[PDB]
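In: Just need the structure, nothing else, for what follows:
(one chain, ligands or ions: 1)
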Amino acid sequence: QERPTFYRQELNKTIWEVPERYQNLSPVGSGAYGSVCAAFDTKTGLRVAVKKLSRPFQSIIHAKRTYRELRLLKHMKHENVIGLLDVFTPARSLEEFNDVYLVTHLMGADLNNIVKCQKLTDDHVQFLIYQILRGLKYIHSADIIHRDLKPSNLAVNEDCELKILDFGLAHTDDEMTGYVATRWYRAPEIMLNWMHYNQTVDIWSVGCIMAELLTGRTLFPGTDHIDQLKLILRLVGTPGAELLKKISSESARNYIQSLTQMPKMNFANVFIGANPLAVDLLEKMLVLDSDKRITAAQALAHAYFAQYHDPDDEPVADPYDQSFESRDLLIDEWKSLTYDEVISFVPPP
Ligand SMILES: Cc1nnc(-c2ccc(-c3cc(C(=O)NC4CC4)ccc3C)c(C)c2)o1
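Out: Numbering: from 1, shown residues only. You can find the structure just below:
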């Protein structure tokens, strides 16, 4: 409708200009999330997170990624998936449009914080993984791949309710180097660029996360890519003939064949004392050949989630047109598209 009144403040060397409805902005994440503040939305009574994009139209790559994040956020309407509460710019025209602010729920913590600082019963694990899978079914149904699912991008409130963050944005080589959580959840096919990957990479990550919730320990805490691969192959076995043929990277194929063949281990011996149904599901997620991993929709129907599974309450997404991903456009063209998306935004019911 009408343009709200905006007010300005400096928050860590940066000037935030936001509608009056948003009060008590304070930075959050310790830099980790980007440039993000928590706030109180006096209009809804919700605690919100506000991300200010940093000079978003500085290159074609920045402009396109700004548009991509906004498109993604606008599309996602699911309880277990972060969605857009509001998007604004103080700009009164396309000519002056140069900052984008995205508003979402503030859950209050991430899973990293939880699995570090609390004791998780088998029931907690069931509920947390059920929700990630319910969110992923939705995401994958729109032909979106997370690609970087890990504890730190699972946002969780005090009732253990969960929303997935950061899907579809796909890190520098440096960030993925060494003993780092940034690589510990990645499917091997993506870690070592074995082949054209798909949504199945996300299921590997869920297996890694679920294992960690059950044991309180990182499943594959490799010191580097090669050490991580060795940790992985020790648990799930070395690839067989069928999978080797699917590694299109002649280079990666050649290297993996240099390794001594190892059989898949007994998961009941690896996950001592765990619910046999949890062990069964982990076996179905942690399959080296991505073609053979359980899908999110298949997983929701697995006996481990009998207590939460409701097939009438696991919605899919409306079609997501991502044809823009193949498009080469100028900065001003990506910017104008982003502007149209800001201007046309209608807040949720
Ligand atoms: C703590 C705590 N509790 N909740 C949060 C939190 C919630 C939402 C966000 C958030 C996520 C995306 C995102 O996932 N974009 C990609 C397109 C998907 C975009 C904007 C925001 C504010 C952030 C950074 C933190 O932090």
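
In: can you list the residues of the stretch 151-300 of the chain near the ligand?
Out: Proximity of the stretch 151-300 of the chain to the ligand (C-beta under 6 Å from any ligand atom) is limited to residues 155, 165, 166, 167, 169. Placement of C-beta: from N, CA and C, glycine included.

In: Report the buried members of the residues you listed.
Out: For those, a neighbour count by 16 or more other C-beta atoms under 10 Å gives the buried set as 155, 165, 166, 167.

In: could I get these as JSON lines with secondary structure?
Out: Converted to JSON lines, those look like this (DSSP: H, G, I helix; E, B strand; the rest coil):
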{"residue": "155", "secondary structure": "strand"}
{"residue": "165", "secondary structure": "coil"}
{"residue": "166", "secondary structure": "coil"}
{"residue": "167", "secondary structure": "coil"}
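
In: Show the backbone phi and psi for the residue nearest to residue 248 when sequence neighbours are not counted.
Out: Leaving aside its chain neighbours, residue 248 sits nearest to residue 195 (4.7 Å; criterion: C-beta to C-beta, 6 or more residues apart in numbering). For residue 195, the backbone dihedrals (degrees, to the nearest 10) come out as phi -170, psi 170.

In: residue contacts, residue 195?
Out: 189, 246, 247, 248, 249 (C-beta atoms under 8 Å, 6 or more residues apart in numbering).

In: The third one belongs to a helix, doesn't it?
Out: Pointing back at residue 247 there. No. Inclusion of residue 247 in a helix is not indicated when three-state DSSP is applied; the result is coil.

In: Next one: it from the ligand, what distance?
Out: 30 Å (C-beta to the nearest ligand atom, to the nearest Å).

In: again, but for residue 60
Out: In this structure, residue 60 and the ligand are 19 Å apart, going by C-beta to the nearest ligand atom.

In: Touching, that residue and residue 334? I think so.
Out: Yes. Under the criterion of C-beta atoms under 8 Å, residue 60 makes contact with residue 334 at 6.8 Å.

In: Neighbour count: the two, which is higher?
Out: Neighbours per residue (other C-beta atoms under 10 Å) separate residue 60 from residue 334, with residue 334 holding more: 24 against 14.

In: dump the residue contacts of the nearest residue to residue 325 once chain neighbours are set aside.
Out: Nearest non-adjacent residue to residue 325, counting by C-beta to C-beta, 6+ apart: residue 68, 7.7 Å away. If you count contacts by C-beta under 8 Å, 6+ apart, residue 68 has them with 168, 169, 324, 325.

In: Repeat that for residue 131.
Out: By C-beta under 8 Å, 6+ apart, the residues touching residue 131 are 80, 161, 162.

In: Which of those fall in helices?
Out: When the contacts of residue 131 are checked against helices (DSSP state H), there are no matches.

In: Just the buried residues of those.
Out: Members of those classed as buried by 16+ other C-beta under 10 Å are 80, 162.

In: Dump the contacts of residue 131 into TSV; add distance to residue 56 as well.
Out: Shown next, in TSV, are the contacts of residue 131 (distance: C-beta to C-beta, whole Å):
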residue	distance to residue 56
80	27
161	30
162	28
